[PDB]
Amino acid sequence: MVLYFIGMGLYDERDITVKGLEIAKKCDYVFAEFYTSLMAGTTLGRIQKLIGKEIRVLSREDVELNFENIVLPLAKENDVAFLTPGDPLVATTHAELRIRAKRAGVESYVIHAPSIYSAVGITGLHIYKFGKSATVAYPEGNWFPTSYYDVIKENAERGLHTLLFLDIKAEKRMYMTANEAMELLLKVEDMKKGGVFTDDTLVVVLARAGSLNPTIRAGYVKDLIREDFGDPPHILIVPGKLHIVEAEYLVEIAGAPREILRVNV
């Protein structure tokens, strides 16, 4: 009787750690969700094939309202695994599920996997220089989210980089592109006018991290806002003050304008 929170990683079924795979293979029941992120390089079939078990996919409602009714009951008499994209506890509310497990007398263990949060390292930006992170959320009806704009501003004043997770509506199959995130940010800039995000702002786009050929691009909003970065998932990053080697990397690897090599100390 035990519950394992196992991350499947960034892009495909092979992004799971060996630890996670060997443990999953031996579990009596295997559950999973695919609404907290998008694994663009795999399918349930390949995952099931790899694990050798039938996987039951849970919806956000199943998890958020019925985890203790669907999963925990089985964990009391068996070994259960709950799979999620990337790392199970990063930018999700799955951590709270460990409390529910506890209160049900079920021991839980966490098996990490590569996460988008650390994969930003591939952009060449020093990961220790990232500040507070935020999520660019799709406006809905008359409600237009904007706090993420304030995060960029706060980080920028401190010279820190800003990681922007992009919205996702799995059931509607909606995956926010970096382009849409940029459009929303310009609209918020027009609203607040803090000179935080404009056509001249340098940004970095990372798409489908985890694949052998992710899309890594850096440049000014005016030039990237309409560029095709390939299929989702995408994340947008607004760098703060750059170190020379960061700029060098963005130019050499992410095709940024050579002019950014000239940093303003």
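Don't overthink the numbering: it's just position in the shown sequence, from 1.
Trainee: Averaging the C-alpha B factors as listed in the entry, name the stretch that ends up higher: 229 to 237 or 65 to 73.
Mentor: Mean CA B-factor is higher for 65 to 73.
Trainee: I need to verify one thing: averaged over C-alpha atoms only, is the B-factor higher for 22 to 30 or for 199 to 207?
Mentor: For C-alpha atoms only, the mean B-factor is higher in 22 to 30.
Trainee: Per the entry's Cα B factor values, which of 82, 165, 149, 143 stands out as the maximum?
Mentor: So the option with the highest C-alpha B-factor is 143.
Trainee: Have a look at 180, 171, 87, 154 and flag the one whose Cα has the highest B-factor in the entry.
Mentor: Comparing C-alpha B-factors across 180, 171, 87, 154, the maximum falls on 171.
Trainee: Classify residue 97 as lowest, middle or highest third according to the C-alpha B-factor given in the PDB entry, relative to its own chain.
Mentor: Middle third.
Trainee: Lowest, middle or highest third of the chain for the C-alpha temperature factor of residue 2?
Mentor: As the PDB entry reports it, the C-alpha B-factor of residue 2 lands in the highest third of its chain.
Trainee: Of the three thirds of its chain by CA temperature factor, lowest, middle or highest, which one includes residue 36?
Mentor: Within its chain, residue 36 is a lowest-third residue by C-alpha B-factor, going by the deposited values.
Trainee: How does residue 104 rank on Cα B-factor within its chain, lowest, middle or highest third?
Mentor: For residue 104, whose C-alpha B-factor we compare with every modelled residue in the chain, the answer is the highest third.
Trainee: Using the B-factor values recorded in the entry, state whether the Cα atom of residue 224 falls in the lowest, middle or highest third among the modelled residues of its chain.
Mentor: Middle third of the chain for residue 224's C-alpha B-factor.
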